[PDB]
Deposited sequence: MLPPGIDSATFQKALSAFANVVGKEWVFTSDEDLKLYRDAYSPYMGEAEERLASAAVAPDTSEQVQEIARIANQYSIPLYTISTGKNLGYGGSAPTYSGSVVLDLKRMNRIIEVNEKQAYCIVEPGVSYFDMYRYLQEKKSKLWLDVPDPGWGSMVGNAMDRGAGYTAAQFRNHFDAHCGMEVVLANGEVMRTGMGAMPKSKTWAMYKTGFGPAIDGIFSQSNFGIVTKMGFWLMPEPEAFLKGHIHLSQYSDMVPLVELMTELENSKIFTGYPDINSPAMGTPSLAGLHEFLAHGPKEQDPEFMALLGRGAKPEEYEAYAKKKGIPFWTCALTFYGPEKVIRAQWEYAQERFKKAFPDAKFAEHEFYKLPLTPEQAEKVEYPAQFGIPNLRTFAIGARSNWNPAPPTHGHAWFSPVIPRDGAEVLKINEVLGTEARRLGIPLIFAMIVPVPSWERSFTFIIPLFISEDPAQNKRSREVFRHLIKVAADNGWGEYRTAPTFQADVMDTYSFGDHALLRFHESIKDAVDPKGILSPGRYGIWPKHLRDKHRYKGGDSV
């Protein structure tokens, strides 16, 4: 394959110049080698519009990255930067623009700094969560990671997509926990953000913004730069871990549950991941047994797509809670037991029929073997593959911390989803509180062996996106298939936001070589052809 508008002779010269920088054994051109850069969960799998690489280049150093950018810029070669390329559900290892050369940074896997007393690290993009966890545990570090689940991927690459994990509130937002970056620009120049812009700065990983415009955010969900280094704020290993279960009896309890849980979260009574499920509706939380392990009354309810309210009588008869809220607490035993006691007192005052249980308690540190037995190792910053040890994408619109909105998005998107026949499984989609102050409402897409089905799945998802936007519910992260679809919903001021990103794109990357099309941002030379329809 060739990059569109790039003749074969120009491409071959570009590739020879890359090989001269990184070595011929680190420039990949074969159909066999490039199959490994296909999106394993492509919603366009096997179709004309499938996103494919023209080639891949795997540099060893930031200096080589600079030289590859220089060469790409000169020859106008489109470059798609990945860190470890494990972005399954959101585009995998494939480019946003078919024909782009993948710049694969997986060899730049150096741990630049770990500071135990100040609880930070600085990492290259190739440092995986597994690499960093092994490094910290072998050093008997008292620092935790915040890891996705499962724990494949890169601290950098995950942060560049604004990914998430499951430890304390201040670390669950990976990009928000970063401090300082190094960026290579389209012209090959290298730039440090924040305090790192001062040579010999002592504070690159300690003070986020630096001096003047705070620019780090423009590189995330973006195509304005190649990130070569990133600092992260790390969570000290707490003294102890307490998970408490709150059980509520009524469907209608959701509205005051959301209000009270959000107040306690905002009051920092707990900093762990709040997990809400419905035992009555059989929805799962982080209980691992679910996949690992059938009342006729329940099965009939589930068969006829019963609404949530229809489970309340059944739940009440079986003595099953309608809602469980699991609160996680990190800190000294006496402290987290007092936080949990306060949480119970507030819930008992609001819900006189509320029941409570201590679900987990650990004094830290754990042994490797005790760690293997915790309900959800990601809550301890342990990257792991257990969750699915006994293809897809998702629409994950963000809603407020409001129970009325939890009900409205179910009522609104559940029906449009039923009309157009996406198989929603439970009575209800229960809101996910990944980050403080909002929820995500998670709808899976399943890849079919039939491209005609995949086409209808893409048309249905694009409808669900427009319906959600009409009710003020917007997506926060998506696969290339839907990136321009979602950016079109952010249309305030006649698409002011996209027109703004296009201005910065043209300033920082005038030749438009960096990850064309990423988050709906096309460089000026491709913008006419790739205007959203």
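Undergrad: For this chain, which runs of the deposited sequence have no C-alpha coordinates, given in order from the N-terminus?
TA: Counting from residue 1, the stretches without coordinates are 294-299, 397-409, 553-557.
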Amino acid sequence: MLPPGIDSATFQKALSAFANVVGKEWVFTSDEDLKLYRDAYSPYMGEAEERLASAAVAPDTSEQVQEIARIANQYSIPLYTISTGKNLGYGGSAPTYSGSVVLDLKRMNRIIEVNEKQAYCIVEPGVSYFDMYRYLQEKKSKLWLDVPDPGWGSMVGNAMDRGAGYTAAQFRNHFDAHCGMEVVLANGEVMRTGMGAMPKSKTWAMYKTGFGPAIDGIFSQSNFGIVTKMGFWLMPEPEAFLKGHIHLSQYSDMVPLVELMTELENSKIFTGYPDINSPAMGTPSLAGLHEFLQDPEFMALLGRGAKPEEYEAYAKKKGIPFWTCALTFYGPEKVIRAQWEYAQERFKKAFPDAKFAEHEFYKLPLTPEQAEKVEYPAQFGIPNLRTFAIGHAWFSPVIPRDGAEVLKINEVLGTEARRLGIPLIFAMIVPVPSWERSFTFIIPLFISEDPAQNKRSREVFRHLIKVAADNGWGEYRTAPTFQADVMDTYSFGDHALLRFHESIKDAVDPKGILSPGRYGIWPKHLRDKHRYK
From here on, numbers count along this sequence of modelled residues.
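Undergrad: With respect to the recorded C-alpha B factors, which stretch has the higher mean value, 479-487 or 27-35?
TA: Stretch with the higher mean C-alpha B-factor: 27-35.
Undergrad: Given the B-factors recorded for C-alpha atoms, which segment has the greater mean, 360-368 or 121-129?
TA: Looking at the record's C-alpha B-factors, the answer is 360-368.
Undergrad: Which of these has the highest Cα B-factor in the record: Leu424, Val432, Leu145, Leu260?
TA: Going by the entry's C-alpha B-factors, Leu424 comes out highest.
Undergrad: Highest Cα B-factor in the PDB entry belongs to which of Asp216, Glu182, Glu312, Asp161?
TA: Each of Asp216, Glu182, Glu312, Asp161 was compared by C-alpha B-factor; the highest is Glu312.
Undergrad: Relative to the other modelled residues of the same chain, rank the CA B-factor of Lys13 and answer lowest, middle or highest third.
TA: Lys13: CA B-factor falls in the highest third of its chain.
Undergrad: Using the temperature factors of the C-alpha atoms in this entry, rank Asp353 within its chain: lowest, middle or highest third.
TA: Its C-alpha B-factor belongs to the highest third of this chain's values.
Undergrad: Based on the deposited C-alpha B factors for this chain, I'd like to know if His178 is in the lowest, middle or highest third.
TA: For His178, the deposited C-alpha B-factor lands in the lowest third.
Undergrad: Looking at the entry's B-factor column for C-alpha atoms only, identify whether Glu416 ranks in the lowest, middle or highest third of its chain.
TA: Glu416: CA B-factor falls in the highest third of its chain.
Undergrad: By the record's CA B-factor, is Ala55 among the lowest, middle or highest third of residues in the chain?
TA: Middle third of the chain for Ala55's C-alpha B-factor.
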